[PDB]
Structures are given as structure tokens and as C-alpha cells.
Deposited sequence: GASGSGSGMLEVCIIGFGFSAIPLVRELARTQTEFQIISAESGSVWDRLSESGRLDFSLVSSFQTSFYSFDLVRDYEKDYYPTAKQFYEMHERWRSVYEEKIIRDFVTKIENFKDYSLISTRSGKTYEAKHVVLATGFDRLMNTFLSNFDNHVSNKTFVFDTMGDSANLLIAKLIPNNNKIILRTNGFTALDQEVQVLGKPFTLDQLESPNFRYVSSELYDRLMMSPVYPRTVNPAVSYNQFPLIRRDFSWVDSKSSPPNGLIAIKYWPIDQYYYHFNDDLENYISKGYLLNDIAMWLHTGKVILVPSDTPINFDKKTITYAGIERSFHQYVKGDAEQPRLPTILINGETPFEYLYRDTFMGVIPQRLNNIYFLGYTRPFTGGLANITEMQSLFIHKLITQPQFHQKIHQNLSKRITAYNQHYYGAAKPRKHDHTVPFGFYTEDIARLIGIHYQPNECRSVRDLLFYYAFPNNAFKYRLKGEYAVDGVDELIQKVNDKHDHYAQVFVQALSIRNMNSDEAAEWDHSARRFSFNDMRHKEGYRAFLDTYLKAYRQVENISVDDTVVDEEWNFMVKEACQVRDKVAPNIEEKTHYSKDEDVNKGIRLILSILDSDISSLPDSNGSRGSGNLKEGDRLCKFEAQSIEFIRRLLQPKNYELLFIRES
């Protein structure tokens, strides 16, 4: 009897196969000869973009311990080459066939394949990925189209990538929108660059869900009246968040687009633009597109005549060249039969942690949970440890399964409340999910075991990447000690993030929203740092066209478009003139002050510790006994 069968080998399965090989657990992989989108993109020479996720959250711990030297955003090519490197290590373990059906019984499954062969296995792991409509569109996109108008009914990372490829050829973009959430993928902290995933300090939720909400959600919800933020200059960007019913913020089910702000793009790539573009580093600053009018937002009910290919807005019947509507990703699951008779219906909220479907036995799903920020690696690495322990330790399997339905019910009450199941339920804050798995497995850290301020910085402020939980214990990886030390030294031990939570501890949500936007450059969608980059943008467009070997006529003035832009930016034109220079910027000052205190007490025992220093030490001491630490779905009762 085959112990483990893994169906699908791309990226999500790598960490599980590593752990199964380590324990010499019998396993067999079955993965299709076709491959993944990355294979198709590679064969067509379309790996010409970059990840929207940081290196430290997008590659696995056992690679980072060898290759991590700085924070950066990998290219699609680098990502695919890592997929291939690991495929080559385990190819001998891969049967190249396509699973068509899985018959599930009480203690084993019967696996059917297109070739006609059948397999039996006690444990079956699905890591088959998702089908996505936009994938084929990106695979067939002619990036030389020029001087055309495009209408988008959906916004997302894939749409934003297409928009980044259309903008340089003088194409005009109309977003027919009911809002979207976009976030600078890299931000300045006291002028220093930080990927957004580095500044989430998720474990502060344990201090207070309200405190963590104040600290995180002002860039998403319209909480500040600051005229420099994009959702006040372009109100059509605001989404209807009436569905949210959980007290855990950021809520499960929230999705965001991560993009290069032009000021950080300039900082990294200005000295070698053509090469960086050719490597896949494309400027996709949606806020800059709105600022310059190259993209406009129009109401969702703006009428479209699909026969005549026109859209009517601002009293203008505007011809358009192409309409783009993305679809919903759907899991690539084969037929699964409960008790070998009843077809299984996949529902994220009816699985535990996105991994254990409670209607099946010894079947696990790997790679179907999506991170709100950061790369999938954080999620699939922790899922792989979870699945590995379930497969190889019967006592853990029983501890989790004995009260499975009760665990799922408690999880859904905590993260979704009374909200009805949504399409995006499978999206989770990565620092909540990794910490949830760590506590289930037992490789978590305990806040009450911190002894020094430095220990508290590590517990609360050091990002909950998967490798954080692989320094000690059951799933320890050699070299993680040096990795953690390097990450700490290059991030000032995450004191700046720790200080943020400290600065807003006594504020309400409105006061926190204003404080988060009181910096000279606040983290997300700061419209004060766009106009100064118009000249660089022209330089960038010239470089992009040279790379793609296209000539574009930028002489013809599109008066019609200028008219539509003026209509679409009426609010911006009323709001932006209210921006005022200030003498002091509270967030910049409070952070600078806090960092000086923390580093002055870094190696001090927590028990040994004007007024700000006194009140801050008091808050720090309470961090040893957080009052919101309970997660009911962790218990076995």
C-alpha cells in the first residue's frame, strides 16, 4: 500500500516532498506532462515580468538560508528557474500522467489516470493549482499595440500588469470600476526602503484586535480626510466593504494589488533602465496613471456598445480597441468521490486551514490558500509542515481530526463572522496564517518567554515568515540562525515597526488614520510624490519602447481623451489644492523618537526597566502577557 501520493508538482509541493524525503516516508508524485503557466510562459518567451512578492516571502527557507543577502523582488524568470531546479531534483519520483478521478474511502483512496493506470494510497495530497482566464490572455497578448483605447471591467495584479505594458505605447485605459485596493509594494521608512510585508508586525493582534486594526486598515478603509491619499482624490477607487463581519483585521477575503510606486521604482532602476525593464522590472504605478490621466476611473454603469465598440462617457462616444474582463480563478481539482460514490464539492470555509476537507479522509489540499501580502511560499511551506505532521504522526492526525468540525466552526466564527461565503474567502493575512499553523504544530513562540526588549522585537515585530518558525524544534532548518541574524541586522531588528504600534496605542481609529498619513511620505498611495516624476516617466517610456523595439508616434494630441480626463478628475482637481506643507510630520517624528528609545534599551531585561519613556516601558512590559492571545480553533477539546 502506497503511503503517500502527491498529485501535481509545481511550486506548492516542493516543501512537502522535501520533508517526506527527510523522514524517508514512501511517496509517489503524479504530475501532468503539460506543466504550469510558467512552462507555457517560458516556451513563448513571456517571462518578462517580476513578482509582486518579496524574495524573503516567495522562496522557501531551505533556499533562503543559502541565497538570501538582501530584500528584493525576484523576476518571473528567477521564480521559474527555482521551480525547474527543484523539479530536476525530484523528477525520478514523478510519474508523468494526469489524474482524472479519486475514489475516497475510509482509510485509503483509489487514483485513476488518463493513461488507464490506477494507484492506491493511504494519504493523497492535491497540489494542482488554479485555472485562470487571464493566464491565456497574458499568454497571447500583442505588446506592440499602440495609440488605442482599452476598457477594463476588472482590476487586479494581472490587469495591472497588462496596463503597465499598454501605457508606454500611448494607449488610453478606461477602468469601469466599483473600486479596488492597491498598495505600494515597497515603502520608505525614514527614507529607507521596506517591502510592505516587512511592516505588518502581525502578532500585535494578540495585544488587541482594535489596536492592530487601527495600525493597519487606514490605507484600505476611507478613514483619513488627508487630501494627498488616492481614495480621496479618486473616490471611485473605494470599494463596498459592507461584507466584512470579523473583528480580525485585515479580514480574511480582502485582496490587494501590489505595485511599484514611481519614486521607489526610480530609486532602484533609474541607473540602468533598459536592462532592468528587459529583466522584467516594469513600472506599474496605478496611482501615477491616475495622476497623469493615462488611466481614468468611470462609474460601473458607464454604458458600453459592444456592437460598435464604443463607450459613452462625459458626453463623448469613445471608440475602444479592446474590452478586458478577468475571470475567477478556480482550483484545478479532479473528480473526487466521497465513499467512492458522491462527488465532492470544494468549499474553502468547509476545510480546516484550507488544507483538511472534513468530508473526505486522508486527503489534503496544498497551495489553495492565498496570501493577502507576500508570496505563496510562506503559505505553502507552513501547509507542507502541517500536512507532513498529519501524515507521519498518527497522534497529531487524531488530535486534529477528533474535533475537526468544531475547529472549522470556530475558525470561521473568528475570521468570517456571520458573513456569507465569498469568492475570495481563501485569501488570508500571511502573518496570521503562518502563526496559526505554527501554534497547531507546536513550533510557535511564546510571548511570556521573552526576556529582553530584543526578544520582544523578535516575537512581535520580526515578520512571521515560515523560516521564523524553523530555527528550533521539530522542523528546524540548518542555517536559519544566520538567516535571522542577517535579516535583523539589515532591518534594525524591526524597531521601526515595533515603534509604530507603540505610537498609536492610545489613539482611536480616526486619530491613528491621521497619524499614519502625517508623514512626508506615507506608506501607501501618497499623491504628493507623483508630479515630480513626470520627466522620469517620459524617460521610462522612451526606454521601454527601445527594449520592445517599437516606434510610437506621441505627436497626435488626443483632445477627446483630455476632455474625458478632466471630467473623471473633477474631485482630484478640487481636493489636491488643499494639500499643505507642514512644519512637523508627526509620524516621522514619533518613529524617530521611538527608534532611539528602543535601541537604547535593546539588550535590557524587561523586568529591569521625560514621561514618554515611562509610558512606553509600561506598554512594553504588558507585551509579556497579551490579553487577546486565545484562538479557539487551536484547541483539541
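Numbered from the first deposited residue, the unresolved ranges run 1 to 8, 618 to 635.
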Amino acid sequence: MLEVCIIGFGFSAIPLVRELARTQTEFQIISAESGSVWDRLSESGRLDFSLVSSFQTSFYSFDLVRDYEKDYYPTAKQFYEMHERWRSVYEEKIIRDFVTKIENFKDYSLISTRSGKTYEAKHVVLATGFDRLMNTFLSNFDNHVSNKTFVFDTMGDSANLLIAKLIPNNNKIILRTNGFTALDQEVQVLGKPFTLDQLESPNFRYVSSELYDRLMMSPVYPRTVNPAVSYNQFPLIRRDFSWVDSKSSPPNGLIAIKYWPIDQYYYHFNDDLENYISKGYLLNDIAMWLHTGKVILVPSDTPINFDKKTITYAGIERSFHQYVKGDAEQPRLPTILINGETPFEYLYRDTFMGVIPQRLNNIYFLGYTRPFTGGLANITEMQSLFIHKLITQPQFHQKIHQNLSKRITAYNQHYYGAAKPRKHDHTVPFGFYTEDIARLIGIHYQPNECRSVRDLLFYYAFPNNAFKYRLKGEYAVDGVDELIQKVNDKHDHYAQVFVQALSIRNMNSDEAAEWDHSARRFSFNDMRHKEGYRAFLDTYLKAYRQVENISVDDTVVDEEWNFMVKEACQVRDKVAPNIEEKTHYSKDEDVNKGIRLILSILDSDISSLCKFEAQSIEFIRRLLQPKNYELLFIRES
From here on, numbers count along this sequence of modelled residues.
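Here, rigid core means the biggest group of C-alpha atoms that superpose within 1.5 Å across both forms.
Greater C-alpha displacement in 6 other deposited structures of this protein (rigid core superposition, RMS over structures and residues), of 526 to 534 versus 301 to 309: 301 to 309. Core superposition of the other structures onto this form places the C-alphas of 322 to 330 farther off in 6 other deposited structures of this protein than those of the other stretch among 155 to 163 and 322 to 330. Compared against other deposited entries of this protein, residue 581 counts as often unmodelled, lacking coordinates in at least a third of those that resolve the residues around it. Checked against the other entries of this protein, residue 593 counts as resolved in every one of those spanning it, not missing from a third of them. Of the two segments examined, 452 to 460 and 322 to 330, it is 322 to 330 that shows the higher average Cα temperature factor in the deposited entry. Note on 381 to 389 vs 310 to 318: mean CA B-factor is higher in 310 to 318.
Comparing C-alpha B-factors across 216, 164, 134, 480 in the deposited entry, the largest value falls on 134. Sorting 428, 552, 296, 376 by the CA temperature factor given in the entry leaves 552 at the top. Residue 17 sits in the lowest third of its chain by CA B factor, as recorded in the PDB entry. Looking at the C-alpha B-factors along this chain, the one for residue 291 belongs to the lowest third. Residue-level temperature factors show residue 524 in the lowest third of its chain, judged at the C-alpha atom. When all modelled residues of the chain are sorted by CA temperature factor, residue 303 is found within the middle third. Residue-level temperature factors show residue 447 in the highest third of its chain, judged at the C-alpha atom.
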